[PDB]
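The next block holds one structure in the form of structure tokens; read it before the comments.
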Amino acid sequence: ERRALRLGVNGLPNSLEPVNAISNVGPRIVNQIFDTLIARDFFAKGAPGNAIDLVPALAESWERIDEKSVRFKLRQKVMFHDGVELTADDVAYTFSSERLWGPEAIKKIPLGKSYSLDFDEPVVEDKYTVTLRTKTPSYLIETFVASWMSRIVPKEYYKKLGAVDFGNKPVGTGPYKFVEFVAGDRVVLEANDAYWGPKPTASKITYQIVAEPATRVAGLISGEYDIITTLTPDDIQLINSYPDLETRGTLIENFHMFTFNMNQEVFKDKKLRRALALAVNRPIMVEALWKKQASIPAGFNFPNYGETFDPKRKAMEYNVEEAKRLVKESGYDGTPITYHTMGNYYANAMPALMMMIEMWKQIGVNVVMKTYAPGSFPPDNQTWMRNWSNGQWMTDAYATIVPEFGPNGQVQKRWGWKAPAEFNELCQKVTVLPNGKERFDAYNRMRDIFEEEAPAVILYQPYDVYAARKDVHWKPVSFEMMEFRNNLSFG
Ligand SMILES: *O[C@@H]1[C@@H](CO)O[C@@](CO)(O[C@H]2O[C@H](CO)[C@@H](O)[C@H](O)[C@H]2O)[C@H]1O
Ligand SMILES: *OP(=O)(O)O[C@@H]1[C@@H](O)[C@@H](O)CO[C@@H]1O
């Protein structure tokens, strides 16, 4: 039989419902269970896992009709794992008001509306033809449909179970099907030999949580795991000393950050947020912890934005004396401020925090670490500072500044950021404008306001480091996922 793949992972999602699984740890599992209409081919034209090319997947072809609609022709006789044939009805349900973006969808997918485009209801023309559309102009439908928002779920099965139970017993069209989920311990998938695309090359995949990275490394060295995730560049020398192991790393389209609970009195105003931001010496963290491999962006601005990336933008500010003055002007009294982290779910989370605590002591702010267990996120009102990350999930600047930090987003609605009205007006403008000078300048003004307000502080794009047995052939992609289609072989 084919070899079973054993992965030692940093964490596991709380649900395998594909939108609710959006996180650093969910896509590497839900990418196997499900498919999208259009897939990003990271290896197109020989690229080393960072190509942006969009290719047919569950849609054999597609055509943009106008500024707000795209018609998809579906591949025929594709089956879900439970035997049901994929049709336009499943695709329409996936992108419906009911399941995803309407007010009724909040109880199934809490972030569905905030992360979605301004969709109108899909139009089904026939069993294999469906149009996705927006109420207002959107040139983002194709990048949205290739993203992690857009894995296709089975309508009747999903409605029968509901989103919570579906998340514990998922059914998709992908190359691996669900076996078991032991919350906070493992996920096991098995080969779907009825798959429509490249046939699965592992017989089974096990995602085993190993929360401590030292234990994870020891497990690779002992022969317990084939691939391990979420290492730091500081682990590269030891792993690569073993002739039968190696590291495989890449910059990913994600940024690490810290952010604030702006419902808390000390963070309602921008002054102390800005003071903490101005004291972070990012290049010294990149040198000390990342062996130079992480990348520090010029604001909320990344190359994968394409036409809305600004390569002439100045670096984010670093000014210890201005930071000291802001601490004084804020009235901060020396009381300790907590910073919550789920151990090293993020690579270098605790080492980075320890360095930042020292940087903050030098401006007169006392920050203390508080840890929380995998899957035990604290009550919001017990949090002040916390770490987070955002995957830059479109080939456009809309994500993640608008979905996360916009007026309909969680940073304003849940976490209390009182954004300037100008910022929210610009979010609405960029959503509907085509690319050009106006949209480009609007994102730059949004970036400036973001730095002025500091609702979050961007640290860097991580250099994502995996380690693997040399006899397990698999290349990383420039995103917070693992791809095995035509990218997994043994021997
Ligand atoms: O970025 C993660 C975000 C995603 O919603 O929530 C956090 C908060 O700790 O993680 C939680 O959700 C993911 C996905 O279900 C789980 O894997 C974590 O264990 C859980 O804490 C962010 O890390
Ligand atoms: O795993 P985590 O950083 O919490 O996941 C984020 C998610 O919360 C959203 O911001 C999109 O980017 C990541 O997956």
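First listed ligand is number 1; within each ligand, the first listed atom is number 1. The basis for the numbers below is simple: all heavy atoms, side chains too, and nothing from hydrogens, waters or symmetry mates. Just so you know, residue 1 is the first one in the sequence shown, and it goes up from there.
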- prompt: Between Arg313 and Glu451, is the closest basic N to carboxylate O distance under 4.0 Å?
  reply: yes

query: Relative to the ring of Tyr158, is the ring of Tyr93 parallel (under 30°), tilted (30 to 60°) or perpendicular (over 60°)?
result: perpendicular

Ligand-protein N/O pairs under 3.5 Å (ligand 1):
unit_1: ligand 1; atom_1: 1 (O); unit_2: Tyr346; atom_2: OH; d: 3.2
unit_1: ligand 1; atom_1: 1 (O); unit_2: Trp388; atom_2: NE1; d: 3.4
unit_1: ligand 1; atom_1: 9 (O); unit_2: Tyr372; atom_2: OH; d: 2.9
unit_1: ligand 1; atom_1: 15 (O); unit_2: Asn14; atom_2: N; d: 2.9
unit_1: ligand 1; atom_1: 17 (O); unit_2: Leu12; atom_2: O; d: 2.5
unit_1: ligand 1; atom_1: 23 (O); unit_2: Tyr346; atom_2: OH; d: 3.2

message: Would you call the rings of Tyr460 and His256 parallel, tilted or perpendicular, taking 30° and 60° as the class edges?
response: tilted

- prompt: Would you call the rings of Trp148 and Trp393 parallel, tilted or perpendicular, where under 30° means parallel and over 60° means perpendicular?
  reply: tilted

query: With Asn408, which residues qualify under side chain to side chain donor-acceptor pair (under 3.5 Å), at least two apart?
result: none

task: Could you pull out every protein residue that has a heavy atom closer than 4.0 Å to ligand 2, ordered by chain and then number?
output: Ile22, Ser23, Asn24, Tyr115, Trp148, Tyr345, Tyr346, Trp388, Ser389, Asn390, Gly391, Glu404, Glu480

is_close_aromatic(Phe144, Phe119), centroid dist under 6.0 Å: yes

query: Is the ring centre of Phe423 less than 6.0 Å from the ring centre of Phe405?
result: no

- request: Would you please say whether a donor-acceptor pair under 3.5 Å links the side chains of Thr431 and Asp118?
  value: no

message: So, using side chain to side chain donor-acceptor pair (under 3.5 Å) as the criterion, who are the partners of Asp165 when residues are at least two apart?
response: none

